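Reading through the structure tokens given below for one structure.
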Amino acid sequence: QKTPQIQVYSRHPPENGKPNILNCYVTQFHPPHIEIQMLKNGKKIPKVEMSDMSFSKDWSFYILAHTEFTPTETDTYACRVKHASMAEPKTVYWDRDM
Amino acid sequence: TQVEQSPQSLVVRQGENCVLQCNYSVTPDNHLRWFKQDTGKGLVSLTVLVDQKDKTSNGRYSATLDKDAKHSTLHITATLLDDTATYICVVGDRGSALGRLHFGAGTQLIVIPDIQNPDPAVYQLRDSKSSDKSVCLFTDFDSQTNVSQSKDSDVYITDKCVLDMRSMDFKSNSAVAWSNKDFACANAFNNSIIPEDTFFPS
Amino acid sequence: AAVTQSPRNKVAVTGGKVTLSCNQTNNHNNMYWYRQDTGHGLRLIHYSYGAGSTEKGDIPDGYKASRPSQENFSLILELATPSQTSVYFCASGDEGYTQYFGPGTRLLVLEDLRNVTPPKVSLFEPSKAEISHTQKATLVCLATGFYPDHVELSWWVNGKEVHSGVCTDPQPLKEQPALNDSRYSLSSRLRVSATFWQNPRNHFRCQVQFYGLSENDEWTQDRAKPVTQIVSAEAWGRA
Amino acid sequence: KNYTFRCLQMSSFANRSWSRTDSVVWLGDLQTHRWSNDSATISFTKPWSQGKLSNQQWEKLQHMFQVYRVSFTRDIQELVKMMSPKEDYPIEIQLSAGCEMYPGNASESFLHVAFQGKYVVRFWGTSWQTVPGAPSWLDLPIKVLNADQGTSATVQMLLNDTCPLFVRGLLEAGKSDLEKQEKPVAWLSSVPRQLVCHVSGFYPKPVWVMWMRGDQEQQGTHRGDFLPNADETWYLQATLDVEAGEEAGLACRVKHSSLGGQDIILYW
Ligand SMILES: CCCCCCCCCCCCC/C=C/[C@@H](O)[C@H](CO[C@@H]1O[C@H](CO)[C@@H](O[C@@H]2O[C@H](CO)[C@H](O)[C@H](O[C@H]3O[C@H](CO)[C@H](O)[C@H](O)[C@H]3O)[C@H]2O)[C@H](O)[C@H]1O)NC(=O)CCCCCCCCCCCCCCCCCCCCCCCCC
Ligand SMILES: *[C@@H]1O[C@H](CO[C@H]2O[C@@H](C)[C@@H](O)[C@@H](O)[C@@H]2O)[C@@H](O[C@@H]2O[C@H](CO)[C@@H](O[C@H]3O[C@H](CO)[C@@H](O)[C@H](O)[C@@H]3O)[C@H](O)[C@H]2NC(C)=O)[C@H](O)[C@H]1NC(C)=O
Ligand SMILES: *[C@@H]1O[C@H](CO)[C@@H](O[C@@H]2O[C@H](CO)[C@@H](O)[C@H](O)[C@H]2NC(C)=O)[C@H](O)[C@H]1NC(C)=O
Ligand SMILES: *[C@@H]1O[C@H](CO)[C@@H](O[C@@H]2O[C@H](CO)[C@@H](O)[C@H](O)[C@H]2NC(C)=O)[C@H](O)[C@H]1NC(C)=O
């Protein structure tokens, strides 16, 4: 089993009130079966697009999930991932500064 | 049934040529094999076709294969009596042991033997142990003569059967009749239409 | 590459245990069981890739497979049914696509073994009229009063089996066509040259291998047990 | 610039009955084909994914794969039956096939197979073979797969002849997309201190990002990984550990082919 690595980042420079696209990048995991959710304030975002699943030269799987979002001062965004390697689903929160 | 054979059954005279069709929908189609099976016996491999457009031969047997049309023919040149058999088409879906063989229902071939010198007669044969018990043998008749079954429950008449004496190149049709109940042998084959020149010894 | 099967012919009852065995000394990893029925091609029942392994085929229901060794592959029928009346072919092969087939096993599963009866075999000596007319001598064998029809007729001359000049009825005829469980009759001919039959050194024998009850099947009737047996009739040549 | 053509197949086998196979195709870092288990046909993800093959040539080629997917599924299931109880579900098979292109008309083809995330089997020359590190039980599947002469000749033609020809055609048809130039956009941020220089939306992949105070390049600059965007562009961030107070004077200079000399300088 391979534990998944989650990276959350924005497509364009983040401005409050300005619409943007949020990306969630999940890598280095095995087996391929995975459940990825993109959350707004802990709630599931309705329309989350998925890239086709692929794997790198080291045979580790990777997949990109993305959704349209409008960053605000209050709203918190996150990427939740459930995998067989982990007992509990790892949640990585979006930090604009990070 | 992904493998279909035509015709179902076939009746041909000795010396004549015949073609046997096989059509399949097996995917993929690695190889096609033709089996010969005598009434009772096992499966004898005649040929195996492997190429996209393949042609093979085995003495009097020859076969073609078209993988684009998914279709194969089996030609038998100059049919002999021993060709009387069921012919089975088989398609394998792999080039290895991972394959499954797909069998056709078969094509039943009957070859009528050519009787050159007919000498029709009814002979009386006696039991080796009990002299009183006897059978009667209608033999050496041409294939154009049919042997009708008995019109009596106590009388028993067998269907025509051809034997082959290989060392003499001689073939003869024969039929056996008997009954336990003043049973005559000139009255044994009354129901069957027999030649006028049939020999009856007394 | 040769494959063998035992038994070659079996007559069984409904509910009885039937074991169809298959031997192969070719060191083939893979073995296969098929059954042949009129109107159908050969259908896969069970197969094996190695010892201690058995796999379901296309029609596995009612059958259990056993492979104790590389050489043996066994098809077991725990509760035999009349629907399992068929000819069973065993096969073997290595990594290649070729499957080498066995001679086949005839099986008949009857509802009751009450009507099973061995045949009475009679041999009929050639007519003196035939010898003087054709210079050939025909011997006629006759097996009568047997049930079921599972018999094998063979001609033997001087202890060796002859096939040339021999033809046997393709099917046995019913002795009483009106009856459902009617007994059968079978005839066969052996034709030789007159001079061969006239030879007193030649020993002619018609052999009928009858298939019936096993030496373990239960028999309740007063008559002799109709076990699998050979009944033969025999005659010597004469001038 | 050398382009690597990759056909990545992933097959999952949960038990004796359940199975799925999904495929993706890459030319460099751009996806050209998608083939989902639910889909009966291979899908183009680029307008030029057919390459220079005629319609008749593609249908025949797709049909070959269509039969293969069904065949591969059954074969793996039968190969498990040969081992059991040596090998057991769940089982993951990965295939990495294709060819790498070189100047002129030179190329090298490959077909690499992984079992449970470990590279074990390759097609080399005229046959299948195990690589160093592979468990010995695989010698039986290898011997079985090598017995199939038809598969061997087909794979040989696909690798030796078909792959190079198809990619030579893809590079002609996809020249406009492969040689595209997307301009990066940069922004700065700080975390408890560590300063982050975000760079997003650039193509192709090669990029130069460094923290600088004037003309002096900072040695403590740490580049992250190349992260993809949804619109087929790249994202990269550079981090620098600094003491609190001396943030002023630091700048992030970004060099990329799309900019054309005019580097993005971003002061704080
Ligand atoms: C416990 C488990 C452990 C696992 C161990 C790991 C090992 C696994 C690795 C093995 C994987 C290979 C799977 C093998 C399957 C075989 O059983 C079947 C068994 O099915 C075969 O069908 C063929 C007819 O279609 C027949 O060939 C036929 O058999 C005939 C004999 O009767 C002839 O020999 C015929 O040959 C004639 O025809 C040939 C055609 O080219 C040649 O021209 C030849 O010269 C000629 O004589 C042959 O075709 C064969 O007999 C028959 O057997 N073979 C096939 O289906 C054909 C082989 C295709 C292999 C495909 C490679 C897959 C690559 C992964 C990528 C998939 C993604 C798909 C999307 C791609 C789309 C993008 C498009 C880009 C295209 C570029 C391509 C480059 C990429 C590689
Ligand atoms: C396809 O090309 C290969 C060459 O090797 C290629 O493999 C493919 C799968 C790709 O990975 C590609 O990058 C790589 O270059 C040919 O394989 C060669 O075949 C030779 C003859 O078939 C073989 O020679 C052996 O066999 C002969 C038998 O007469 C014997 O005399 C020799 O001593 C020798 O053992 C050679 O070994 C083999 N090459 C390799 C590297 O194994 C293949 O023939 C081509 N196929 C087709 C259909 O064009
Ligand atoms: C074979 O595996 C599949 C996939 O793992 C099984 O399907 C799962 O069944 C469980 C319990 O019923 C469900 O909670 C899952 O949602 C199913 N998963 C999927 C992907 O559909 C299936 O039960 C197994 N089949 C057999 C016969 O063992
Ligand atoms: C992946 O695709 C295969 C093949 O299309 C599916 O397996 C087939 O399942 C369907 C319905 O379950 C059957 O009609 C087919 O007969 C099966 N095999 C074949 C060759 O037809 C499989 O269900 C798919 N898996 C998932 C998760 O969608």
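Residue numbers (this note's numbering), protein chains in the order written: chain V, 1 to 98; chain R, 99 to 300; chain Y, 301 to 539; chain A, 540 to 807. Note that CB positions come from ideal geometry on N, CA and C, so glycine has one too.
message = Give me the chain R residues within the contact set of A:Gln688, using Cβ-Cβ distance strictly less than 7 Å, ordered along the chain.
response = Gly193
task = Using a threshold of 8 Å, state whether the C-beta atoms of Y:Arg505 and Y:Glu475 are closer than that.
result = Judged by their CB atoms, Y:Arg505 and Y:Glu475 are not nearer to each other than the 8 Å cut-off.
request  = Put R:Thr205 into one of helix, strand or coil per three-state DSSP.
outcome  = Correct three-state label for R:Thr205: strand.
request  = Answer with buried or exposed for A:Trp747, where buried requires no fewer than 16 other C-beta atoms within 10 angstroms of its C-beta.
outcome  = exposed
query = Can you list, in chain order, every residue whose CB sits closer than 6 Å to a heavy atom of ligand 6?
reply = Because ligand 6 does not appear in the structure shown, any question about it cannot be addressed here, the ligands present being ligand 1, ligand 2, ligand 3 and ligand 4.
query = What's the call for A:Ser739, buried or exposed, on a 16-neighbour Cβ count within 10 Å?
reply = buried
inquiry  = Taking 8 Å as the limit between beta carbons, can you name the residues of its chain near V:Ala84, skipping five residues before and five after?
reply    = Cβ neighbours of V:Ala84 within its own chain (closer than 8 Å, five residues either side excluded): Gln1, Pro31, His33.
ask   = Considering only the beta carbon of each residue, do Y:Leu442 and Y:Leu490 sit closer than 8 Å?
value = no
ask   = Near A:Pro680, what residues of its chain come up, given a Cβ to Cβ distance below 6 Å and the 5 sequence neighbours on each side ignored?
value = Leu618
query = Between Y:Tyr347, Y:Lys317, Y:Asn327, which lies nearest to Y:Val409 when the distance is taken from Cα to Cα?
reply = Y:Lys317
ask   = CB-CB under 7 Å to A:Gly800, same chain, minus the five flanking residues each way: which ones, in chain order?
value = The beta carbon of A:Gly800 lies closer than 7 Å to none in the same chain, with the five residues before and after it left out.
query = Looking only at DSSP bridge pairs, what is A:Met603 linked to?
reply = Paired residue(s): none; A:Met603 is not in a bridge.
message = Tell me which residue opens and which closes the alpha helix (DSSP H) that A:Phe705 is part of.
response = 702 to 712
message = Please report the straight-line C-alpha distance between Y:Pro500 and Y:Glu430, rounded to a whole angstrom.
response = 18 Å
Around ligand 3, Cβ to any heavy atom closer than 6 Å, ordered along the chain = Chain-ordered list of matching residues: A:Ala553, A:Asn554, A:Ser556, A:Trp557.
query = Near R:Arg192, what residues of its chain come up, given a Cβ to Cβ distance below 7 Å and the 5 sequence neighbours on each side ignored?
reply = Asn128
request  = Just mark R:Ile213 as buried or exposed, buried being the case when its beta carbon has 16 or more other beta carbons within 10 Å.
outcome  = Under this definition R:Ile213 is a buried residue.
query = Would the beta-carbon of R:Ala275 be found less than 7 Å away from any heavy atom of ligand 1?
reply = no
inquiry  = Taking the beta strand (DSSP E) that A:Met640 belongs to, which residues open and close that run?
reply    = 630 to 641
R:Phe287, buried or exposed, once every other Cβ within 10 Å from all chains shown has been counted against 16 = buried
ask   = Going by alpha carbons, who is nearest to Y:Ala365 out of Y:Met331, Y:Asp394, Y:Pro382?
value = Y:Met331
message = So if DSSP puts R:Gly190 in a beta bridge, which residue, or which two residues, is it bridged to?
response = R:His129, R:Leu199.
ask   = Fully enclosed by the segment 2 to 47 of chain V, which beta strand (DSSP E) runs are 3 residues long or longer?
value = 5 to 10, 20 to 29, 35 to 40
ask   = Which residues of chain A have a Cβ atom closer than 7 Å to the Cβ of V:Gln28, listed in chain order?
value = Going along chain A, no residue has its Cβ under 7 Å from V:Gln28, so there is no contact; the nearest lies around 10 Å.
Residues within the segment 680 to 713 of chain A neighbouring chain Y, beta-carbon criterion of under 7 Å = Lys682, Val683, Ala686
task = Just the C-alpha distance for R:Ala203 and Y:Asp469, rounded to the nearest angstrom, thanks.
result = In a straight line, the C-alpha of R:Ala203 is about 24 Å away from that of Y:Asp469.
ask   = Based on Cα-Cα distance, which residue from Y:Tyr397, Y:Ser306, Y:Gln471 lies nearest to Y:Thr405?
value = Y:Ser306
Chain V contact for A:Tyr774 (CB, 8 Å cutoff) = Using beta-carbon distances, A:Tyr774 counts as an interface residue toward chain V, with a partner under 8 Å.
key: Which of helix, strand or coil DSSP assigns to Y:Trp536   = strand
request  = List the endpoints of the continuous alpha helix (DSSP H) containing A:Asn685.
outcome  = 678 to 686 is the extent of the alpha helix (DSSP H) around A:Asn685.
ask   = How would you label Y:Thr304, buried or exposed, when you count the other beta carbons within 10 angstroms and need 16 or more for buried?
value = With a threshold of 16 other beta carbon atoms within 10 Å, Y:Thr304 falls short and is exposed.
Contacts around R:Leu223, its chain only, beta-carbon distance under 8 Å, and the 5 residues preceding and following it disregarded = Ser232, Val233, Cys234, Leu235
message = Along the segment 646 to 659 of chain A, where does the CB come closer than 7 Å to a CB of chain V? Name the residues.
response = Answer in chain order: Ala653, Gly656, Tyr658.
key: Length at least 3, wholly inside the segment 462 to 526 of chain Y: the beta strand (DSSP E) runs in chain order   = 466 to 468, 484 to 493, 503 to 510
task = Measure how close the beta-carbons of R:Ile208 and R:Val109 come, nearest whole angstrom, since I'm counting them as under 8 Å.
result = 5 Å
request  = Give a yes or no on whether 8 Å exceeds the smallest Cβ distance from A:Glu617 to chain R.
outcome  = yes
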